[PDB]
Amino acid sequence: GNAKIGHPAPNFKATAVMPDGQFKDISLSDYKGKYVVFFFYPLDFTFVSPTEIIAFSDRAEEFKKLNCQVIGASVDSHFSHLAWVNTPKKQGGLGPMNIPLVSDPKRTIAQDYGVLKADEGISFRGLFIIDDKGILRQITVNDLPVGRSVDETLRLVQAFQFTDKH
């Protein structure tokens, strides 16, 4: 991949399903001036990913207070993302989202970030912290079975911002 600490995070432009339930083409560069947490998950309609997605969405206000945009992504189509959003939570759906969910059907974004599981065409659980100047500050990659922690992500974002001002 091209994700290197201290270098500009690779830009992307891709269709996302937005919090209002509509599709929009967004770019990482849209969020210059804010910190960004950009995380990949393997596939829609799975059982580890919804715990993570719902936690980041439920707690989006805590990232807002850190002037930090959270963006999720997977190789599944944006239509599949919306289908999972519209599935009732009591049946295993995501429910309404406070974060956008990017579609990476060409796998080029996952490749740019070095998190494509090449033998299976899906992303590992990659999470990237990008500062307000677009510079990559933190790389996290978990193998497929093991989820990430919103608490840890908030600790990291806040710590980078504090040390930025030092």
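In this text, residue numbers run from 1 along the sequence as written.
Trainee: Quick check: 15 to 23 versus 148 to 156, which has the larger average CA B-factor in the record?
Mentor: For C-alpha atoms only, the mean B-factor is higher in 15 to 23.
Trainee: Going by the B-factors listed in the PDB entry, is the mean over the C-alpha atoms higher for 135 to 143 or for 112 to 120?
Mentor: Comparing 135 to 143 with 112 to 120, the higher average CA B-factor belongs to 112 to 120.
Trainee: Sorting the chain's CA B-factors, does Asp30 end up in the lowest, middle or highest third?
Mentor: Highest third - that is where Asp30 ends up once the chain's C-alpha B-factors are sorted.
Trainee: Against its chain's modelled residues, does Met97's Cα B factor rank lowest, middle or highest third?
Mentor: Middle third of the chain for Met97's C-alpha B-factor.
Trainee: Using the B-factors in the PDB entry, rank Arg107's C-alpha atom against the chain and give the third, lowest, middle or highest.
Mentor: Middle third of the chain for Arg107's C-alpha B-factor.
Trainee: Looking at the entry's B-factor column for C-alpha atoms only, identify whether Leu43 ranks in the lowest, middle or highest third of its chain.
Mentor: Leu43: CA B-factor falls in the highest third of its chain.
Trainee: According to the PDB entry, is the CA B factor of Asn67 in the bottom, middle or top third of its chain, that is, lowest, middle or highest?
Mentor: Top third by C-alpha B-factor.
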